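Enquirer: so I've got this experimental structure, pasted below with the sequence.
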Amino acid sequence: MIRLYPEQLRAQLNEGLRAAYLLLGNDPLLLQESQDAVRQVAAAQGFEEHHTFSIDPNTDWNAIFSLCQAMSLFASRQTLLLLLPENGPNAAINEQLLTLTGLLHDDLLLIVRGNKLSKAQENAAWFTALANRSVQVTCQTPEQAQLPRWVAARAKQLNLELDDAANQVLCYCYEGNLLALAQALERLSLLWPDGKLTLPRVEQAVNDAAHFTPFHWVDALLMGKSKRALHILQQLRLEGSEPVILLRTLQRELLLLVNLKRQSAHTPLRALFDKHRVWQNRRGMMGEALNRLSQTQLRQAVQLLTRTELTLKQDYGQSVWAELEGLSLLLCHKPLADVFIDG
Amino acid sequence: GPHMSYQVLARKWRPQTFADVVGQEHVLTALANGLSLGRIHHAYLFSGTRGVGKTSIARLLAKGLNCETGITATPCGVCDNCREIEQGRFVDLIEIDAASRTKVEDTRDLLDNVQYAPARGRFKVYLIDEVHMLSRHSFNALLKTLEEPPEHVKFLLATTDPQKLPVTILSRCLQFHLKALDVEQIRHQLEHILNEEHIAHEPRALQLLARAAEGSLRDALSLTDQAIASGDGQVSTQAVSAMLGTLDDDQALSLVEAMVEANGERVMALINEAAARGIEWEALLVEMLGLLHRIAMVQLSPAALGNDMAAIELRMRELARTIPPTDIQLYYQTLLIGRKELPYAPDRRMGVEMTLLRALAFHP
Amino acid sequence: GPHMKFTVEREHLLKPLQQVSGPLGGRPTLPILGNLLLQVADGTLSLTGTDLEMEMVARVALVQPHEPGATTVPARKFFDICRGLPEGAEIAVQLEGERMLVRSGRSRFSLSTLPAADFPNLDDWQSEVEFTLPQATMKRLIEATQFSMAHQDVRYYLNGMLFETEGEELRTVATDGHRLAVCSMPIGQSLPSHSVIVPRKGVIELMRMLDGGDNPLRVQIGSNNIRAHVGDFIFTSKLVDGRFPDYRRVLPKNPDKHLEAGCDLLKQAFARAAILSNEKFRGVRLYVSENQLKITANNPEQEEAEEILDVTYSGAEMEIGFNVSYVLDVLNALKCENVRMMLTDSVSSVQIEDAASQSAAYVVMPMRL
Amino acid sequence: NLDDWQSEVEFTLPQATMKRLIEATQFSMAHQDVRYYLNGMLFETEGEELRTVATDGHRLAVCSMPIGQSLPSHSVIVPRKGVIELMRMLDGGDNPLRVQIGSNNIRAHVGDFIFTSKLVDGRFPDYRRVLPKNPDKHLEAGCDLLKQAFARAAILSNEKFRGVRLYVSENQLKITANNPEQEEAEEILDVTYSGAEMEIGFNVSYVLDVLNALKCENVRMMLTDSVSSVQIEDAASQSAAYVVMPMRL
RNA sequence: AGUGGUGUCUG
DNA sequence: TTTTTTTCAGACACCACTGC
Ligand SMILES: Nc1ncnc2c1ncn2[C@@H]1O[C@H](COP(=O)(O)OP(=O)(O)O)[C@@H](O)[C@H]1O
Ligand code: BEF
Ligand SMILES: [Mg+2]
Ligand SMILES: [Zn+2]
């Protein structure tokens, strides 16, 4: 199939419409805008009737097959849509997706929306049979190092003037929150029809919504950015994240750091990285962290992490978020006191 | 004020025009611009904090939508239809307590009411308070209606915890986030309310009430009515302060402040207060431990203060900047030891008192 | 005074309350929409039941002393009291304060009521179509199209039924996106042309109000509401907005081939083919040749039925794919012995109608073959 | 399978007889009560009579029917599930019913098939002491006449605890009900009676079930005072008795 | 109303 | 490239499908 970013989708849609469109990724906003563009282009070429379905173990597949095979009294040119579940094309769903891949026709246009597909796990069969004459659209959230240029492009295409300061403020409050970021730009356009956004204008009309995953917290710890890591920790506290997930995500990299710092006396860090199968972008930040106050924080932090783990897993009142703040501050070149470490 | 003062300040004082709303200027300005320019989204999700006006803003927006003078940011005065929202009932404006009617059947009836024409107003406006409580199937039905809503239907959703709303609902709703009111705004609105109620008030009592409100204007209004209750139709500073102290539960922070300052009589007075309130003592020790731990983390890095403790920011700063880390370490160790030995004491009260006595006796 | 002096037998009150109850009984949107509205006026009792969209009113004659009062009382409790009291018991209900007293021979009840000023009433509207019609004609008009209505479709206009007043005839139209049912009958009177979309609930209640006697069913339609008078029962229902799909366009424009057969044989053949039709991808295939009609379906079992010699045909050999539900419902609604279908093309839709009775016409959009 | 070679009691009983015997007592059982001995029906055998007793500590129901065959006195508690499913399978009154009760399990041969169940270990209470021992007030009424009046009163009854006050005066009976909404229902009925004015407040569902169990035309109620129980039965027989212990509200 | 499932939150 | 969670016990809340 044609693998495509949202940038050229319009162009591809102007070239022609394929049998099936697969909108995949973890970003609600990018998927939604891609689906809207696809539906508008389809309606331009006569696809008037729409449908929606949620791919679920309790869905009625017979209705989908009936509407795909049969035609309607009006608006014969029809389109169909399916929301894939959180996990993806379950093993009980691949066969019926294959049937749909057989039950299609040039009259119908299929839209597939859901999270990213683990291609290493799921491939061929359904995937290749669509790949015959289909389009894959990858709509994933831009990361922190990439978000500012995305926001600049969005401001340019919405006819706004964003300076670097407003851009970084917007990139600060809204991460993993591209939907609310676009809504914030829309609200700022509504607030001032001038279209010129400065620092105070965006600063006043913005909330610290954000959305982080424990990987962001662990990366912030490895870079040793105190404010960034603490902001991430507060955000996962407010979001309601399970602290034990944070514990495991930090523990994996912390034990890797302990192993690397212990073995670095006999082997350069490059061969250790190769031994443990760690990737290059990970390699850079882990090399930055390994020579940043090591051999003391790597056992003191393991001690504090064990304290948090046992306290979390014995009682039911939790109250481990402050201890996680202690960890966030220990691994960022801000030494703590033995009083809180030992307990 | 009213015909015998039974009518509550909270409900009697509710905005009827956009200008009577206290400074939630963001949503008001954006909505006024959208209404005047004709740029209308299908749904207008409102959110924020309790008692900061999201239901008031939604009601005023419904009034502006269905007013016969046209889509205006300023609903007029008489406009019988535009009046029916406040006094009596309006046919086309449906107000649903989504907390009372969470079921997919109760919302099914109204989503089947969607396709019928509005009686008088232009828009079949829906005001769904506490929208986060609809079940999964109620949310599915609401989303299905939000995909292709008719041009005569608008949805107004208000909630306090939007995180429970699905992303599918949030993508179709232009969420307007309301920020917790400042102490100045709350104090000014309370001043205006009391001045127009012909209620004798002292300036300091208003600031005390605003600080005690925790950013919610309705909290300030309820505390104000209660303060008038504690007295005879006058909001006196002494009565308000006594009422606030009676309602006060911030014992651990005051205990840490007085223990670090080495103020034995104040510490014992605060322990007496915590005893008279029937406050758990192990919980008191845990709160003091958490406060000391947070003070230390702030001393390490100013970013350790999250948005969960915006009420007690300044004091924390004052304690973190002025107290060396050695003293905080010693006090944390002392209170940890005391909480460890709390069960084996004459009673919890004496155990907490003795732990605080040790912490004072350290004098480091 | 406060007492809405009221006195009637049970025999003349059980059926009117049973009619007025309607949708009441469950959880209402507003707490008052579970209470029947009782009104006394000019020697008549008015029973009213409202759902904020439907309005059922019953009139009962008063031949005993009465007082002009009105109040709303819980529907289920009042009905349970009314039927609980013995046969021929002269109910005497009066009012005082906020409680109304029900009385019978050697029995008393007290019920909590709400004011009549708060109970909703559907606003008066101007009517453009004043229409009167016999009972059986309306019964057939509804029954011949109710099957083809949408089932909670996302398209509002698909739900409900279309009423068209054209010249001397009234027409009922129903569509679900794949079927079309049209029933047009003369009414003996001239009316202005008008088009109205009636919701599913209104159609169901219209079918419900039908009596086995001879009473002129009076239909009065405005721009946003429909009203039906049947004896002393009055029904008001608001309408569904939008545009109904123009049934004239979906009607096969220029048919050229046609099959003629009977209702019972086709019914049996399609019922037999249904068993060999999978629920997944439900449908049938019709092989049509000269005086030949073979009905099969898609199924892994790969079965077949053949009754080709029971049909008359004069066109070319070709195939059209219907669905089990569509054809079964259409033939069931076509009770006449003879039946015929207009095959135009495999892509185009097919008309089912009687050999000489074209008033009830159905249009089925086939599959893609 | 059948290791219960010896049985304590044996019955060759008509199906209709036990159908009435259970139907006249089933509604008074206890469902998932903490008193495990009350979560069942007591079959009691004495002389030629078999009795079913069911109580939940708020109502007692006893029903006795002759058999003709002399049997030793015995007591057994059949749990709720066993007796309910035996009642369900007890159809086709033409075929007789065989009953085989041992010390630990019960068997019922219905038609051609066999049913097996276990027993409740506890010992059922003595119902003779629950029955009032000095009924000084006796009143009579019509079963349907009384029942319809109770139903009409129960229409406006407290939905949580369906309770009515029954007053007895000279040749007159009064049933008064109210709900938390103060909706008052009052029914007055003509009875034959001789005694003193007395009020007693008891549940409505229990009395209605008692009346439905007695498919008769004349009903006799026996009462002692406002605080003790009421013994309801029919006036055409003494084979079925019911004890309703009132509320103190 | 009985039964079974999903899911979320409290220690 | 992906990479993400202990537990036993209990309390609600909603939504089939049944059964009258
Ligand atoms: N912006 C505001 N202006 C004036 N009063 C307010 C405002 N916000 C809250 N209130 C007061 O609080 C009371 C309840 O407000 P409400 O808007 O219902 O809060 P919520 O957002 O939690 O639904 C109102 O009657 C009003 O007195
Ligand atoms: F009405 Be609010 F959300 F407290
Ligand atoms: Mg609210
Ligand atoms: Zn107005």
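Expert: Here it is on my side, so go on. Numbers count the residues shown, from 1 in each chain, chains lettered A, B, ... in the order given. Ligands and ions are numbered 1, 2, ... in the order given.
Enquirer: tell me which helix or strand the residue in the stretch 51-200 of chain C that chain A sits nearest to sits in.
Expert: Nearest residue of the stretch 51-200 of chain C to chain A (Cβ to the nearest Cβ) works out as residue C:177 at 5.1 Å. Yep, even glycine has a C-beta here, placed from its N, CA and C like the rest. Using DSSP states H and E, residue C:177 sits within no helix or strand.
Enquirer: so it is in contact with residue C:151, correct?
Expert: No. Residue C:177 sits out of contact with residue C:151 when judged by Cβ atoms under 8 Å, with a separation of 10.2 Å.
Enquirer: between these two, who's got more neighbours?
Expert: residue C:177 (18 against 8; other Cβ atoms under 10 Å in any protein chain shown).
Enquirer: contact partners for that one?
Expert: A:49, A:72-74, C:150, C:153, C:155, C:158 (Cβ atoms under 8 Å, 6 or more residues apart in numbering or on different chains).
Enquirer: quick one: contacts for the closest residue to residue A:297 other than its chain neighbours?
Expert: Sequence neighbours aside, residue A:330 is the residue nearest to residue A:297 in space, at 5.5 Å (criterion: Cβ to Cβ, 6 or more residues apart in numbering or on different chains). By Cβ under 8 Å, 6+ apart, the residues touching residue A:330 are A:297, A:300-301, A:304, A:336, A:341.
Enquirer: so which of these reach ligand 3?
Expert: By Cβ under 5 Å from the ion, no member of the contacts of residue A:330 lies near ligand 3.
Enquirer: which SSE is residue C:83 in?
Expert: Assigned by DSSP H and E, residue C:83 falls in helix C:75-84.
Enquirer: what comes up buried for the next helix or strand after that helix?
Expert: Next in sequence after helix C:75-84, counting helices and strands by DSSP H and E, comes strand C:91-96. In terms of neighbour count (16 or more other Cβ atoms under 10 Å in any protein chain shown), strand C:91-96 has its buried residues at C:91-95.
Enquirer: now do strand C:91-96: everything it contacts.
Expert: Against strand C:91-96 from outside (Cβ under 8 Å, 6+ apart): C:2-10, C:13, C:38, C:67, C:69, C:71, C:82, C:85, C:100-104, C:113.
Enquirer: how about the helix holding residue C:83: buried residues?
Expert: Neighbour-count burial for helix C:75-84 [16+ other Cβ under 10 Å]: C:75, C:77-82, C:84.
Enquirer: what sits against residue 56?
Expert: Using chain A here. residue A:85.
Enquirer: nope, chain B
Expert: Contacts of residue B:56 by Cβ under 8 Å, 6+ apart are B:14-15, B:21.
Enquirer: for residue C:240, same thing?
Expert: With Cβ under 8 Å, 6+ apart, residue C:240 has these contacts: B:115-116, C:156-157, C:159-160, C:197-199.
Enquirer: among the contacts of strand C:91-96, the buried ones, what's the ChimeraX command?
Expert: The following ChimeraX line selects those of these that are buried, judged by 16+ other Cβ under 10 Å:
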select /C:4,5,6,7,8,10,13,38,69,71,82,85,100,102,103,104,113
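Enquirer: can you get me a residue count around whichever residue of the stretch 201-343 of chain A sits closest to ligand 2?
Expert: Relative to ligand 2, the nearest point of the stretch 201-343 of chain A is residue A:207 (16.4 Å; Cβ to the nearest ligand atom). Using other Cβ under 10 Å, residue A:207 is surrounded by 16 other residues.
Enquirer: quickly list what the closest residue to it other than its chain neighbours is bridged to.
Expert: Residue nearest to residue A:207 in three dimensions, not counting chain neighbours: residue B:177, with 4.8 Å by Cβ to Cβ, 6+ apart. Beta-bridge partners of residue B:177, counted by DSSP bridges, are residue B:47.
Enquirer: okay, now residue B:177: neighbour count?
Expert: By other Cβ under 10 Å, neighbour count at residue B:177 equals 22.
Enquirer: next step: the contacts of strand C:91-96 restricted to strands.
Expert: If you go by DSSP state E, the contacts of strand C:91-96 have C:6-8, C:38, C:71, C:100-104 in strands.
Enquirer: quick one: contacts for whatever residue of the stretch 1-150 of chain C ends up closest to RNA strand E?
Expert: Using Cβ to the nearest atom of the strand, the closest approach of the stretch 1-150 of chain C to RNA strand E is made by residue C:26 at 13.0 Å. By Cβ under 8 Å, 6+ apart, the contact list for residue C:26 reads residue C:34.
Enquirer: please tell me how far it sits from ligand 4.
Expert: 35 Å (Cβ to the ion, to the nearest Å).
Enquirer: now that residue: phi and psi?
Expert: Dihedral angles of residue C:26 (phi, psi; degrees, to the nearest 10) stand at phi -80, psi -170.
Enquirer: and it, how far is that from residue C:51?
Expert: 10 Å (Cβ to Cβ, to the nearest Å).
Enquirer: same check on residue B:40?
Expert: Taken as Cβ to Cβ, the span from residue B:40 to residue C:51 is 30 Å.
Enquirer: which of those two has more neighbours?
Expert: For the pair residue B:40 and residue C:51, the greater number of neighbours falls to residue C:51 (19 against 14), based on other Cβ under 10 Å.
Enquirer: so which strand or helix has residue 128?
Expert: Just going to use chain A. Per DSSP H and E: helix A:126-131 holds residue A:128.
Enquirer: please go with chain C instead
Expert: Residue C:128 belongs to strand C:127-133, assigned by DSSP H and E.
Enquirer: list the buried residues in stretch B:39-50.
Expert: Across stretch B:39-50, burial judged by 16+ other Cβ under 10 Å covers B:42-49.
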